[PDB]
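Q: Got a structure here, written out as structure tokens. Questions coming.
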Amino acid sequence: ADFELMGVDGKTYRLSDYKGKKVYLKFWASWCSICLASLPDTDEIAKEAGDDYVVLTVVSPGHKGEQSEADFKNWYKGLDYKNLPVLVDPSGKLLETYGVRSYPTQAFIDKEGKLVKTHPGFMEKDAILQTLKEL
Ligand SMILES: [Mg+2]
Ligand SMILES: [Mg+2]
Ligand SMILES: [Mg+2]
Ligand SMILES: [Mg+2]
Ligand SMILES: [Mg+2]
Ligand SMILES: [Mg+2]
Ligand SMILES: [Mg+2]
Ligand SMILES: [Mg+2]
Ligand SMILES: [Mg+2]
């Protein structure tokens, strides 16, 4: 199922934009210390993507204890990730769609936009990359 979300960067992202490419989607929240500790890995994976896959991240203001959208966008200015899209979903709908129960959750989507795998929790960078290769 398609989604359309705006990033903290003001860009509008649609899942269908990436038809033909594999997608790694990271679900996270500002309060999640493991999430924050791993964002540098996520940013590297995004930087290194080339034409192989696409990286997106998603926060959900007002859900699972996340800040409001306005407060989140301010807070995020304190962070420094030049290569990471941070899509904002104040509806909480993607959490439901992807069956996200905890943070972080790693989601892997195939070239047709169908969900192949989710993984709750920390995942090492090379394991994420290998998972993408196996799609
Ligand atoms: Mg836009
Ligand atoms: Mg917080
Ligand atoms: Mg925090
Ligand atoms: Mg701590
Ligand atoms: Mg989220
Ligand atoms: Mg949340
Ligand atoms: Mg709460
Ligand atoms: Mg909100
Ligand atoms: Mg910003």
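Residues in the structure tokens are numbered from 1 in each chain, the chains being A, B, ... in the order shown, and ligands are numbered from 1 in the order shown.
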Could I get the residues of chain A with an atom no further than 9 Å from an atom of ligand 8, each paired with its nearest atom pair and that distance in Å to one decimal, using only C-alpha atoms and all ligand atoms, sorted by chain and residue number, as JSON lines?
A:
```
{"residue": "A:60", "atom": "CA", "partner": "ligand 8", "partner_atom_place_in_ligand_line": "1 (Mg)", "distance": 7.8}
{"residue": "A:61", "atom": "CA", "partner": "ligand 8", "partner_atom_place_in_ligand_line": "1 (Mg)", "distance": 4.4}
{"residue": "A:62", "atom": "CA", "partner": "ligand 8", "partner_atom_place_in_ligand_line": "1 (Mg)", "distance": 4.5}
{"residue": "A:63", "atom": "CA", "partner": "ligand 8", "partner_atom_place_in_ligand_line": "1 (Mg)", "distance": 7.9}
{"residue": "A:66", "atom": "CA", "partner": "ligand 8", "partner_atom_place_in_ligand_line": "1 (Mg)", "distance": 8.2}
{"residue": "A:67", "atom": "CA", "partner": "ligand 8", "partner_atom_place_in_ligand_line": "1 (Mg)", "distance": 6.8}
{"residue": "A:68", "atom": "CA", "partner": "ligand 8", "partner_atom_place_in_ligand_line": "1 (Mg)", "distance": 3.7}
{"residue": "A:69", "atom": "CA", "partner": "ligand 8", "partner_atom_place_in_ligand_line": "1 (Mg)", "distance": 4.2}
{"residue": "A:70", "atom": "CA", "partner": "ligand 8", "partner_atom_place_in_ligand_line": "1 (Mg)", "distance": 7.0}
{"residue": "A:71", "atom": "CA", "partner": "ligand 8", "partner_atom_place_in_ligand_line": "1 (Mg)", "distance": 8.3}
{"residue": "A:72", "atom": "CA", "partner": "ligand 8", "partner_atom_place_in_ligand_line": "1 (Mg)", "distance": 8.5}
{"residue": "A:89", "atom": "CA", "partner": "ligand 8", "partner_atom_place_in_ligand_line": "1 (Mg)", "distance": 8.4}
{"residue": "A:90", "atom": "CA", "partner": "ligand 8", "partner_atom_place_in_ligand_line": "1 (Mg)", "distance": 5.1}
{"residue": "A:91", "atom": "CA", "partner": "ligand 8", "partner_atom_place_in_ligand_line": "1 (Mg)", "distance": 8.1}
```
Q: Would you write out those residues with N, CA and C atoms, as a PDB file, in the first residue's frame?
A:
```
ATOM      1  N   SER A  60       6.746   9.175  14.261  1.00  0.00           N
ATOM      2  CA  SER A  60       5.285   9.224  14.339  1.00  0.00           C
ATOM      3  C   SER A  60       4.820  10.138  15.468  1.00  0.00           C
ATOM      4  N   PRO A  61       4.826  11.449  15.241  1.00  0.00           N
ATOM      5  CA  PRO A  61       4.504  12.412  16.307  1.00  0.00           C
ATOM      6  C   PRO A  61       3.145  12.110  16.925  1.00  0.00           C
ATOM      7  N   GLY A  62       3.053  12.194  18.244  1.00  0.00           N
ATOM      8  CA  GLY A  62       1.795  11.949  18.935  1.00  0.00           C
ATOM      9  C   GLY A  62       1.472  10.494  19.198  1.00  0.00           C
ATOM     10  N   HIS A  63       2.326   9.582  18.739  1.00  0.00           N
ATOM     11  CA  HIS A  63       2.140   8.158  18.924  1.00  0.00           C
ATOM     12  C   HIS A  63       3.340   7.525  19.639  1.00  0.00           C
ATOM     13  N   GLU A  66       5.928   9.786  21.299  1.00  0.00           N
ATOM     14  CA  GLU A  66       6.690  10.781  20.556  1.00  0.00           C
ATOM     15  C   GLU A  66       6.161  12.193  20.787  1.00  0.00           C
ATOM     16  N   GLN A  67       7.053  13.175  20.682  1.00  0.00           N
ATOM     17  CA  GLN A  67       6.713  14.585  20.734  1.00  0.00           C
ATOM     18  C   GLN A  67       5.705  14.951  19.645  1.00  0.00           C
ATOM     19  N   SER A  68       5.062  16.108  19.804  1.00  0.00           N
ATOM     20  CA  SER A  68       4.237  16.638  18.749  1.00  0.00           C
ATOM     21  C   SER A  68       5.080  16.935  17.516  1.00  0.00           C
ATOM     22  N   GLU A  69       4.429  17.093  16.371  1.00  0.00           N
ATOM     23  CA  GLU A  69       5.145  17.316  15.128  1.00  0.00           C
ATOM     24  C   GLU A  69       5.988  18.572  15.241  1.00  0.00           C
ATOM     25  N   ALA A  70       5.417  19.642  15.775  1.00  0.00           N
ATOM     26  CA  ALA A  70       6.161  20.884  15.835  1.00  0.00           C
ATOM     27  C   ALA A  70       7.357  20.772  16.762  1.00  0.00           C
ATOM     28  N   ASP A  71       7.179  20.110  17.898  1.00  0.00           N
ATOM     29  CA  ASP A  71       8.254  19.975  18.855  1.00  0.00           C
ATOM     30  C   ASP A  71       9.340  19.048  18.298  1.00  0.00           C
ATOM     31  N   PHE A  72       8.918  17.995  17.602  1.00  0.00           N
ATOM     32  CA  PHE A  72       9.873  17.071  16.991  1.00  0.00           C
ATOM     33  C   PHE A  72      10.760  17.809  15.992  1.00  0.00           C
ATOM     34  N   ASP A  89       4.944  11.008  10.373  1.00  0.00           N
ATOM     35  CA  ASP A  89       3.583  10.469  10.248  1.00  0.00           C
ATOM     36  C   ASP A  89       2.792  10.671  11.530  1.00  0.00           C
ATOM     37  N   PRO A  90       2.199  11.854  11.683  1.00  0.00           N
ATOM     38  CA  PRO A  90       1.393  12.094  12.883  1.00  0.00           C
ATOM     39  C   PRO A  90       0.119  11.230  12.952  1.00  0.00           C
ATOM     40  N   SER A  91      -0.216  10.514  11.889  1.00  0.00           N
ATOM     41  CA  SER A  91      -1.406   9.656  11.920  1.00  0.00           C
ATOM     42  C   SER A  91      -1.154   8.331  12.620  1.00  0.00           C
TER      43      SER A  91
END
```
Q: Can you pull out every residue within 10 Å of residue A:55, counting only C-alpha atoms, but drop anything in the same chain fewer than 4 positions away, and send it as a list in words?
A: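 The filter keeps residues 22, 23, 24, 25, 26, 42, 43, 45, 46, 47, 48, 49, 83, 84, 85, 86 and 108 of chain A.
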Q: Give as an mmCIF file with C-alpha atoms, in the first residue's frame the residues surrounding ligand 3 up to a distance of 8 Å, considering only C-alpha atoms and all ligand atoms.
A:
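Written output follows (part_13.cif):
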```
data_model
loop_
_atom_site.group_PDB
_atom_site.id
_atom_site.type_symbol
_atom_site.label_atom_id
_atom_site.label_comp_id
_atom_site.auth_asym_id
_atom_site.auth_seq_id
_atom_site.Cartn_x
_atom_site.Cartn_y
_atom_site.Cartn_z
ATOM 1 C CA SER A 30 13.319 10.725 19.677
ATOM 2 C CA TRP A 31 13.216 9.133 23.135
ATOM 3 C CA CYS A 32 14.719 5.819 22.051
ATOM 4 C CA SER A 33 18.384 5.843 23.088
ATOM 5 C CA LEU A 36 19.760 7.556 18.455
#
```
Q: Go through A:44, A:21, A:51, A:97 and flag the residue nearest residue A:82, using only C-alpha atoms for the distances.
A: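 Smallest distance to residue A:82 is found for A:44.
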Q: Which of stretch 30-129 of chain A counts as alpha helix (DSSP H) under DSSP, as an MDAnalysis selection string please?
A: chainID A and resid 33:47 69:76 93:97 125:129
Q: List as number ranges by chain the protein and nucleic acid residues near stretch 122-126 of chain A, meaning an atom at most 10 Å away when only C-alpha atoms are counted, but skip any in the same chain fewer than 2 places from it.
A: A: 34-35, 37-38, 40-42, 44-45, 103-106, 119-120, 128-132
Q: Would you work out the distance separating atom CA of residue A:100 from atom CA of residue A:50, expressed in Å to one decimal?
A: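 It comes out at 27.5 Å.
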Q: Let me have all residues with an atom within 6 Å of ligand 1, counting only C-alpha atoms and all ligand atoms, laid out as a PyMOL selection string.
A: chain A and resi 10-12
Q: Take atom CA of residue A:39 and atom CA of residue A:5 and report the distance between them in Å, one decimal.
A: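 Answer for the atom CA of residue A:39 to atom CA of residue A:5 separation: 20.0 Å.
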Q: What residues of the protein or nucleic acid chains come within 6 Å of ligand 5 when you use only C-alpha atoms and all ligand atoms? Reply as a PyMOL selection string.
A: chain A and resi 27-28+58-60
Q: May I have the residues from that selection written out with N, CA, C and O atoms, as a compact mmCIF listing (two decimals), in the first residue's frame?
A:
```txt
# COMPACT_ATOMS: atom_id res chain seq x y z
N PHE A 27 12.02 2.59 11.54
CA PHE A 27 11.06 3.25 12.42
C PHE A 27 11.73 3.56 13.74
O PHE A 27 12.39 2.69 14.31
N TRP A 28 11.61 4.80 14.21
CA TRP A 28 12.29 5.22 15.42
C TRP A 28 11.51 6.30 16.15
O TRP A 28 10.51 6.77 15.66
N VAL A 58 11.25 6.82 9.61
CA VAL A 58 9.92 7.31 9.94
C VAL A 58 9.77 7.53 11.44
O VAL A 58 10.04 6.61 12.25
N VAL A 59 9.30 8.72 11.80
CA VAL A 59 8.89 9.04 13.16
C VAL A 59 7.40 9.33 13.11
O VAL A 59 6.84 9.68 12.06
N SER A 60 6.75 9.18 14.26
CA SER A 60 5.28 9.22 14.34
C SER A 60 4.82 10.14 15.47
O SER A 60 4.46 9.67 16.56
```
Q: Using only C-alpha atoms and all ligand atoms, find each residue in chain A having at least one atom no more than 7 Å away from ligand 9; report its shortest atom-to-atom pair and that distance in Å (one decimal), rows by chain then rising number, as a tab-separated table.
A:
```
residue	atom	partner	partner_atom_place_in_ligand_line	distance
A:8	CA	ligand 9	1 (Mg)	5.7
A:9	CA	ligand 9	1 (Mg)	6.2
A:73	CA	ligand 9	1 (Mg)	6.6
A:76	CA	ligand 9	1 (Mg)	5.5
A:77	CA	ligand 9	1 (Mg)	4.5
```
Q: Just the selected residues (N, CA and C atoms), exported as an mmCIF file, in the first residue's frame, please.
A:
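Once everything was written out, this is out09.cif:
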```
data_model
loop_
_atom_site.group_PDB
_atom_site.id
_atom_site.type_symbol
_atom_site.label_atom_id
_atom_site.label_comp_id
_atom_site.auth_asym_id
_atom_site.auth_seq_id
_atom_site.Cartn_x
_atom_site.Cartn_y
_atom_site.Cartn_z
ATOM 1 N N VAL A 8 11.160 16.044 7.423
ATOM 2 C CA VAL A 8 11.572 17.237 8.152
ATOM 3 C C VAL A 8 12.216 18.235 7.175
ATOM 4 N N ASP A 9 12.689 17.716 6.043
ATOM 5 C CA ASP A 9 13.310 18.504 4.968
ATOM 6 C C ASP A 9 12.279 19.201 4.079
ATOM 7 N N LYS A 73 10.149 18.602 15.125
ATOM 8 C CA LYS A 73 10.912 19.274 14.090
ATOM 9 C C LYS A 73 11.934 20.212 14.698
ATOM 10 N N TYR A 76 14.780 18.011 16.340
ATOM 11 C CA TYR A 76 15.622 17.336 15.367
ATOM 12 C C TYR A 76 16.732 18.255 14.862
ATOM 13 N N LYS A 77 16.551 19.569 14.940
ATOM 14 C CA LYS A 77 17.629 20.494 14.537
ATOM 15 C C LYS A 77 18.896 20.273 15.345
#
```
Q: For atom CA of residue A:134 and atom CA of residue A:87, determine how far apart the two atoms are, in Å to one decimal place.
A: 25.5 Å
Q: Report the residues of chain A whose backbone DSSP state falls under strand (DSSP E), written as a count of residues only.
A: 34
Q: Under the rule that only C-alpha atoms are counted, which of A:29, A:127, A:56, A:135 is the nearest residue to residue A:115?
A: A:135
Q: Contacts of residue A:20 at 9 Å or less, counting only C-alpha atoms, minus same-chain residues fewer than 4 places along, as a short mmCIF file (atom, residue, chain, number, x, y, z; two decimals) with C-alpha atoms, in the first residue's frame?
A:
```
data_model
loop_
_atom_site.label_atom_id
_atom_site.label_comp_id
_atom_site.auth_asym_id
_atom_site.auth_seq_id
_atom_site.Cartn_x
_atom_site.Cartn_y
_atom_site.Cartn_z
CA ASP A 110 10.95 -5.38 -2.23
CA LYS A 111 11.05 -3.79 -5.71
CA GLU A 112 7.25 -3.98 -5.99
CA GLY A 113 6.58 -2.19 -2.70
#
```
